[PDB]
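Presented below is the structure to which this report refers.
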Amino acid sequence: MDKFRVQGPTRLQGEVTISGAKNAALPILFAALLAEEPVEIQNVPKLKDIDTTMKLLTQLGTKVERXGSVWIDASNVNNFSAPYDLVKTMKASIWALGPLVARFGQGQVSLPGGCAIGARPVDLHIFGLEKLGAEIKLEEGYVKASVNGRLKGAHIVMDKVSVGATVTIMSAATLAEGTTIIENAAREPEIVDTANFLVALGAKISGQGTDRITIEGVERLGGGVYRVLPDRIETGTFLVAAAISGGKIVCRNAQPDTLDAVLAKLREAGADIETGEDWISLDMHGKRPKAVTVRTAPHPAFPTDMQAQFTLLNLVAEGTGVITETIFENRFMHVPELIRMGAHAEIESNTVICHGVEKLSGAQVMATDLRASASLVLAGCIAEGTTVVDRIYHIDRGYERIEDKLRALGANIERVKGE
């Protein structure tokens, strides 16, 4: 089982090129199921999920290939079924649903173990599709979707903000007859990205980024070239990497505007931040971060995906800072790990009271959450001694060559195979 053996402390500084957001690449990849013409999705990170999606797309009759881009030709999609073996490791698979039913009047996606599709009293995906006119069936380990003719625009009010379902409904509504208005729409930069992708295909979408998305269905989507937006969480991870190490870092291929809350938080922590059109610079001026108050909340508020990183920040910051989760109330597995590294924290309800210490200590740590895991690698970078982060395949899944990235930042990191 791969592990990251990090030797600290090392100042993390220099430059990093931010990869495209898997979180945007994914829905865009599925959205490409709508395209009748070739589509080139640029800036797609090389991550397992992308491969799994490619494999899934191909299974559907999609002609797929990749490098920095993923080339998609969904012109001939003929199979409307995402099979078990193809979706088993990837929840994102539900994304094949809306496009399939929207474009082909039918679609189905396997529901492997752990798959909570349809488990909610109101499954947003199902709900939105249903609102669009699709008949949703939960049968034979499958979520099945069918619509006689085309989907119909609908005024859809999402009972909860759902990135996943927002993508599904927005995507599907692009081919629906009429106007679809999604209320309480997820505001994630990834939603905006997917919508913009769609628009590039000829879809009519407005409001992306706001709580209200309005899609004017079109008969067909063509193709085009679309560049996946920068990974805001990777960016944030890198910014934090410098913030917690007295470093100066320039994030290339970044999109500052997806990170308002995070950058503001960083300034609070004492970071000297500058931003350009495609870059973010973070300079600690060799300074230890100042403890900050963090409260995760739906985008554009502080992202829970940055939560562990900021916990780490607080953990080596000056002063006591509180990390509060309003999204994943128990998303604190990194804490006991960090405590083994000398961090001082109390997990109280949905919060972590962080007592910043000057220096962490290497330890053998493991967090299954990718952010927590990356946070641990970061901690190892700044910790005294050797830190072994176990199960880093988690990181591998959500970060494109974080090892290479960190190394280029000055980290003493080594991928250790097995033991």
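The chains in the structure tokens are called A, B, ... from first to last as shown; in each chain the residues are counted from 1, and the ligands are counted from 1 in the order shown.
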
Polymer residues at most 10 Å from residue 140 in chain A, only C-alpha atoms, same-chain spacing of 3 or more positions, as number ranges by chain
A: 110-111, 137, 143-144

Would you list the contacts of residue 105 in chain A as an MDAnalysis selection string, taking every protein, DNA or RNA residue within 8 Å and counting only C-alpha atoms, but skipping same-chain residues closer than 4 positions in sequence?
chainID A and resid 100:101 145:151

Pick out the closest residue to residue 227 in chain A from this set: A:338, A:139, A:314, A:253. Count only C-alpha atoms.
A:253

May I have a table of the residues of range 55-165 of chain A lying at most 8 Å from range 31-48 of chain A, giving each one's closest pair of atoms and their distance in Å to one decimal, counting only C-alpha atoms, ordered by chain and ascending residue number, as a tab-separated table?
```
residue	atom	partner	partner_atom	distance
A:57	CA	A:33	CA	7.8
A:62	CA	A:33	CA	7.8
A:68	CA	A:43	CA	5.4
A:69	CA	A:42	CA	4.1
A:70	CA	A:41	CA	5.1
A:71	CA	A:40	CA	4.6
A:72	CA	A:39	CA	5.0
A:73	CA	A:38	CA	4.4
A:74	CA	A:33	CA	5.6
A:75	CA	A:36	CA	4.3
A:76	CA	A:36	CA	7.9
A:77	CA	A:33	CA	7.6
A:95	CA	A:31	CA	7.7
A:96	CA	A:33	CA	7.3
A:99	CA	A:34	CA	5.6
A:100	CA	A:33	CA	6.8
A:102	CA	A:34	CA	7.8
A:103	CA	A:34	CA	6.0
```

Export, as a PDB file, in the first residue's frame, the selected residues with C-alpha atoms.
```pdb
ATOM      1  CA  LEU A  57     -18.035   6.704 -21.585  1.00  0.00           C
ATOM      2  CA  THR A  62     -18.414   7.103 -26.694  1.00  0.00           C
ATOM      3  CA  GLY A  68      -3.590  17.088 -21.147  1.00  0.00           C
ATOM      4  CA  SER A  69      -7.010  16.911 -22.753  1.00  0.00           C
ATOM      5  CA  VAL A  70      -9.666  14.255 -22.876  1.00  0.00           C
ATOM      6  CA  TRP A  71     -11.091  13.966 -26.387  1.00  0.00           C
ATOM      7  CA  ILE A  72     -14.697  12.921 -26.499  1.00  0.00           C
ATOM      8  CA  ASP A  73     -16.835  11.920 -29.430  1.00  0.00           C
ATOM      9  CA  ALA A  74     -20.240  11.116 -28.023  1.00  0.00           C
ATOM     10  CA  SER A  75     -21.837  11.292 -31.477  1.00  0.00           C
ATOM     11  CA  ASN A  76     -22.436   7.542 -31.515  1.00  0.00           C
ATOM     12  CA  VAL A  77     -23.355   6.765 -27.927  1.00  0.00           C
ATOM     13  CA  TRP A  95     -23.739  11.760 -13.930  1.00  0.00           C
ATOM     14  CA  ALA A  96     -24.354   9.562 -16.960  1.00  0.00           C
ATOM     15  CA  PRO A  99     -27.384  13.304 -20.117  1.00  0.00           C
ATOM     16  CA  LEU A 100     -28.494   9.821 -21.187  1.00  0.00           C
ATOM     17  CA  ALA A 102     -31.968  13.957 -21.765  1.00  0.00           C
ATOM     18  CA  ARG A 103     -30.353  13.012 -25.038  1.00  0.00           C
TER      19      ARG A 103
END
```

Rank nothing, just name the residue among A:241, A:262, A:64, A:291 nearest to residue 409 in chain A, using only C-alpha atoms.
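Ranked by minimum distance to residue 409 in chain A, first place goes to A:241.
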
Give me the residues within 10 Å of residue 406 in chain A as a VMD selection string, counting only C-alpha atoms and dropping any in the same chain fewer than 6 places off.
chain A and resid 12 to 16 238 241 377 to 378 381 412 to 413

Compile a residue-level contact table for range 273-296 of chain A against range 315-320 of chain A at a cut-off of 9 Å, reporting for every qualifying residue the shortest atom pair and its distance in Å to one decimal, with only C-alpha atoms counted, rows ordered by chain and ascending number, as JSON lines.
```
{"residue": "A:288", "atom": "CA", "partner": "A:317", "partner_atom": "CA", "distance": 6.0}
{"residue": "A:289", "atom": "CA", "partner": "A:317", "partner_atom": "CA", "distance": 4.5}
{"residue": "A:290", "atom": "CA", "partner": "A:318", "partner_atom": "CA", "distance": 4.7}
{"residue": "A:291", "atom": "CA", "partner": "A:317", "partner_atom": "CA", "distance": 4.8}
{"residue": "A:292", "atom": "CA", "partner": "A:320", "partner_atom": "CA", "distance": 7.7}
{"residue": "A:293", "atom": "CA", "partner": "A:320", "partner_atom": "CA", "distance": 8.9}
```

May I have the residues from that selection written out with C-alpha atoms, as a short mmCIF file (atom, residue, chain, number, x, y, z; two decimals), in the first residue's frame?
```cif
data_model
loop_
_atom_site.label_atom_id
_atom_site.label_comp_id
_atom_site.auth_asym_id
_atom_site.auth_seq_id
_atom_site.Cartn_x
_atom_site.Cartn_y
_atom_site.Cartn_z
CA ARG A 288 4.31 31.64 11.23
CA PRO A 289 0.60 31.79 10.45
CA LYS A 290 -1.80 33.55 12.85
CA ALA A 291 -4.58 31.30 14.12
CA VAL A 292 -7.84 31.92 12.33
CA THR A 293 -11.47 31.08 12.68
#
```

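Nearest residue to residue 174 in chain A, choosing from A:188, A:216, A:404, A:211 and counting only C-alpha atoms: A:216.
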
Expected answer as a PyMOL selection string: alpha helix (DSSP H) residues in range 53-151 of chain A:
chain A and resi 53-59+84-87+97-104+124-131

Write the residues of the selection above to a file with N, CA, C and O atoms, as a short mmCIF file (atom, residue, chain, number, x, y, z; two decimals), in the first residue's frame.
```
data_model
loop_
_atom_site.label_atom_id
_atom_site.label_comp_id
_atom_site.auth_asym_id
_atom_site.auth_seq_id
_atom_site.Cartn_x
_atom_site.Cartn_y
_atom_site.Cartn_z
N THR A 53 -14.10 7.25 -15.76
CA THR A 53 -15.14 7.89 -16.54
C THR A 53 -14.96 7.60 -18.02
O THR A 53 -15.92 7.32 -18.73
N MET A 54 -13.72 7.68 -18.49
CA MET A 54 -13.42 7.40 -19.87
C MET A 54 -13.88 5.99 -20.22
O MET A 54 -14.51 5.75 -21.26
N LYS A 55 -13.55 5.05 -19.34
CA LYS A 55 -13.95 3.67 -19.53
C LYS A 55 -15.47 3.56 -19.58
O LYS A 55 -16.04 2.86 -20.42
N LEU A 56 -16.13 4.27 -18.68
CA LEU A 56 -17.58 4.29 -18.65
C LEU A 56 -18.11 4.90 -19.96
O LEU A 56 -18.99 4.33 -20.61
N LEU A 57 -17.59 6.07 -20.34
CA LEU A 57 -18.04 6.70 -21.58
C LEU A 57 -17.94 5.79 -22.79
O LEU A 57 -18.85 5.75 -23.62
N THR A 58 -16.82 5.09 -22.90
CA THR A 58 -16.59 4.17 -24.00
C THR A 58 -17.66 3.08 -23.98
O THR A 58 -18.24 2.75 -25.02
N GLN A 59 -17.93 2.54 -22.81
CA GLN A 59 -18.97 1.53 -22.64
C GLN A 59 -20.31 1.99 -23.22
O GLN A 59 -21.12 1.18 -23.65
N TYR A 84 -22.31 -2.07 -13.49
CA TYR A 84 -21.68 -2.24 -12.19
C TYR A 84 -20.16 -2.18 -12.17
O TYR A 84 -19.56 -1.42 -11.40
N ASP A 85 -19.54 -3.00 -12.99
CA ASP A 85 -18.10 -3.07 -13.05
C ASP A 85 -17.48 -1.73 -13.42
O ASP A 85 -16.34 -1.44 -13.06
N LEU A 86 -18.22 -0.93 -14.16
CA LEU A 86 -17.72 0.37 -14.57
C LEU A 86 -17.97 1.53 -13.61
O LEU A 86 -17.27 2.54 -13.67
N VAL A 87 -18.96 1.38 -12.74
CA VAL A 87 -19.29 2.45 -11.80
C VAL A 87 -18.90 2.12 -10.37
O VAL A 87 -18.83 3.01 -9.53
N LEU A 97 -26.55 9.50 -16.02
CA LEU A 97 -28.01 9.49 -15.99
C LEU A 97 -28.76 10.60 -16.70
O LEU A 97 -29.45 10.36 -17.69
N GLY A 98 -28.62 11.83 -16.20
CA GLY A 98 -29.29 12.96 -16.82
C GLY A 98 -28.98 13.09 -18.30
O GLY A 98 -29.89 13.10 -19.13
N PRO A 99 -27.69 13.18 -18.69
CA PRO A 99 -27.38 13.30 -20.12
C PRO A 99 -28.03 12.18 -20.93
O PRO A 99 -28.63 12.43 -21.98
N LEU A 100 -27.92 10.94 -20.46
CA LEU A 100 -28.49 9.82 -21.19
C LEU A 100 -29.98 9.98 -21.41
O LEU A 100 -30.46 9.90 -22.54
N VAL A 101 -30.71 10.22 -20.33
CA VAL A 101 -32.15 10.37 -20.48
C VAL A 101 -32.48 11.61 -21.30
O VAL A 101 -33.37 11.59 -22.13
N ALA A 102 -31.74 12.69 -21.08
CA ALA A 102 -31.97 13.96 -21.77
C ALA A 102 -31.77 13.84 -23.26
O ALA A 102 -32.58 14.34 -24.05
N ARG A 103 -30.69 13.18 -23.64
CA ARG A 103 -30.35 13.01 -25.04
C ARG A 103 -31.01 11.82 -25.73
O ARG A 103 -31.43 11.90 -26.89
N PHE A 104 -31.08 10.72 -24.99
CA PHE A 104 -31.60 9.46 -25.49
C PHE A 104 -32.92 8.94 -24.95
O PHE A 104 -33.33 7.84 -25.28
N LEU A 124 -32.07 14.27 -4.89
CA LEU A 124 -32.03 15.37 -5.84
C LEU A 124 -31.89 15.06 -7.31
O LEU A 124 -32.45 15.76 -8.16
N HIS A 125 -31.12 14.01 -7.61
CA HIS A 125 -30.90 13.57 -8.98
C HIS A 125 -32.22 13.07 -9.55
O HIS A 125 -32.69 13.50 -10.60
N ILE A 126 -32.80 12.14 -8.80
CA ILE A 126 -34.06 11.52 -9.15
C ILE A 126 -35.11 12.62 -9.25
O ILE A 126 -35.78 12.76 -10.27
N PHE A 127 -35.21 13.41 -8.20
CA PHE A 127 -36.15 14.52 -8.15
C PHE A 127 -36.08 15.44 -9.36
O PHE A 127 -37.09 15.71 -10.00
N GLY A 128 -34.88 15.94 -9.65
CA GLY A 128 -34.72 16.83 -10.78
C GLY A 128 -35.12 16.16 -12.08
O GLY A 128 -35.82 16.74 -12.89
N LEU A 129 -34.65 14.93 -12.28
CA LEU A 129 -34.97 14.19 -13.49
C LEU A 129 -36.47 14.03 -13.60
O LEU A 129 -37.07 14.29 -14.65
N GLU A 130 -37.07 13.59 -12.51
CA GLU A 130 -38.51 13.44 -12.45
C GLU A 130 -39.17 14.76 -12.82
O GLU A 130 -40.09 14.80 -13.63
N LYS A 131 -38.69 15.86 -12.22
CA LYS A 131 -39.25 17.18 -12.50
C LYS A 131 -39.18 17.51 -13.98
O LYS A 131 -40.03 18.23 -14.51
#
```

What does the structure give for the distance between CA of residue 79 in chain A and CA of residue 115 in chain A, in Å to one decimal?
21.8 Å

Surrounding residues of residue 380 in chain A excluding itself and chain neighbours under 5 positions, 10 Å, only C-alpha atoms, as a ChimeraX atom specification
/A:4-10,338,341,360-365,374-375,385-389,411-413

For CA of residue 390 in chain A and CA of residue 366 in chain A, the interatomic separation in Å (one decimal)
4.8 Å

What does the distance between CA of residue 254 in chain A and CA of residue 400 in chain A come to in Å, to one decimal place?
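Going from CA of residue 254 in chain A over to CA of residue 400 in chain A, I get 14.6 Å.
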
At a cut-off of 8 Å, using only C-alpha atoms, what residues contact residue 92 in chain A? Leave out same-chain residues fewer than 3 positions from it and give the result as a PyMOL selection string.
chain A and resi 26-27+95+164

Name the residues of range 72-221 of chain A that fall into strand (DSSP E) according to DSSP on the backbone, using the chain letters and numbers of this document, as number ranges by chain.
A: 72-73, 81-82, 106-110, 135-139, 142-146, 155-157, 179-183, 204-206, 212-216

Quick one: of A:133, A:153, A:112, A:236, who's nearest to residue 170 in chain A, counting only C-alpha atoms?
A:153

Residue with smallest distance to residue 372 in chain A - pool A:269, A:116, A:233, A:251, counting only C-alpha atoms:
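Among A:269, A:116, A:233, A:251, it is A:233 that comes nearest to residue 372 in chain A.
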
For range 322-327 of chain A, list every protein, DNA or RNA residue within 6 Å, evaluated using only C-alpha atoms, and leave out those in the same chain fewer than 2 positions away; present the list as JSON, numbers by chain.
{"A": [293, 294, 295, 296, 297, 329, 350, 351, 352, 353, 354]}

Nearest residue to residue 234 in chain A from the set A:154, A:266, A:192, A:370 (distances using only C-alpha atoms)
A:370
